[PDB]
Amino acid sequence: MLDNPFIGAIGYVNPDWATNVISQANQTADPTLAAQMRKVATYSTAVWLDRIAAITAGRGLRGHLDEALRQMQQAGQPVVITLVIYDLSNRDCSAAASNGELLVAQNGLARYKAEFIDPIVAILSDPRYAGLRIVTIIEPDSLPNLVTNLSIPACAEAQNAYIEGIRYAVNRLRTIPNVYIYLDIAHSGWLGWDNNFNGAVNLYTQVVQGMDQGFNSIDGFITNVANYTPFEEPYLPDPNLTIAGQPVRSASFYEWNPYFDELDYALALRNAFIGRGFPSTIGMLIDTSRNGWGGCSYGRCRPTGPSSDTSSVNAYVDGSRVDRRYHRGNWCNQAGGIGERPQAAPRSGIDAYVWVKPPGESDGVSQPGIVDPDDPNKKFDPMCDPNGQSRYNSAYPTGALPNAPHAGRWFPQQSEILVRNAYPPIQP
């Protein structure tokens, strides 16, 4: 088993996502933007298994793996395909409701094992796929809730199902020698504060220690999945820098969080886990699909230096940060930009920047009253309301784009914004 499956392999290109991108390009008036959209279709994005039906619907898990085999044969190089394992019972427990089909009180954990993990593992175990490198991102938006959100009944009730579900998933996947396993561990805007950071290190250490292979059960962690947090905040490199008698991390946008970006956060976690007994062979992934923050939106353009306004902490930080969101918890349908293209080992400790969330796919429908005919479990979330306030802090707008289709469906307007705002800009 490789130290890093992204070294010496080319990323899987999902033809179903790429078809949507190319269709968008053909509907794009601006010839420059259209050529950029066309180029985006050539990059590697992850295949999400977000419900039991995803295993067989359309080309299905087998179909994507067969396609990966074809790309491998054509390229004469190993292909690395990324899969997102995302169907825990009481999924996304801190949200008032989730699109996830399984509930703890309705045999959720048992069905997670028997109808979701087991058939996936049976497919991935097929000797036909032995030559691929298969990366599995384990359960976004799960464990970090057990650090910060246990006051919420759906999270407190989900504790064992999350722990036992994730242990089961990893234990079974570890029986397949070409599967590389990365646990999702949120992003800096969730677990950066000292108490959350230490609580997460404790929690994940306990979860992994209880797996069959202990600290050898996983290959690393991933941050920023489907989020927009920059990998680097180059004009705020020092969270303790004094402006107007106060450190810049005291700004309203950060609320004393010592981590402004995913590189610092991911590497700090990696060192902390190594300190707890994880082998130094662990590596971190960062989802850079939508965190470039080029172009202009939310009343600002990308900064090109520290703010000249040193009159207040907030003025300085707000003029210096590349993350332009109104509030760090604004996760739905943001007017961001595509980030760094997928690339292996960009810094020591980082296995790769990857695109897990596929750019252009919606984070959620933008108003209630509209049922998804193809998924009865998809539901409107107020964080996607373009006319609403953040639920995490109602002083701030959601920043969500209007006219969004249900989660996972192609979102023409956001796709154009994401490409136009790409950083570095897309090279057609």
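In case it trips you up, residue 1 is the first one in the sequence shown, and so on.
- The PDB entry records a higher mean C-alpha B factor for 325-333 than for its counterpart among 325-333 and 285-293.
- Per the PDB record, of the two stretches 53-61 and 390-398, 390-398 carries the greater mean B-factor over its C-alpha atoms.
- Out of 117, 123, 152, 105, the entry records its largest CA B-factor for 105.
- In this structure the maximum Cα B-factor among 226, 208, 186, 313 is found at 313.
- Ranked by C-alpha B-factor against the other modelled residues of its chain, residue 13 falls in the lowest third.
- Residue 44 sits in the lowest third of its chain by CA B factor, as recorded in the PDB entry.
- In the deposited entry, the Cα temperature factor of residue 86 places it in the lowest third of its chain's modelled residues.
- Residue-level temperature factors show residue 415 in the middle third of its chain, judged at the C-alpha atom.
- Residue-level temperature factors show residue 249 in the highest third of its chain, judged at the C-alpha atom.
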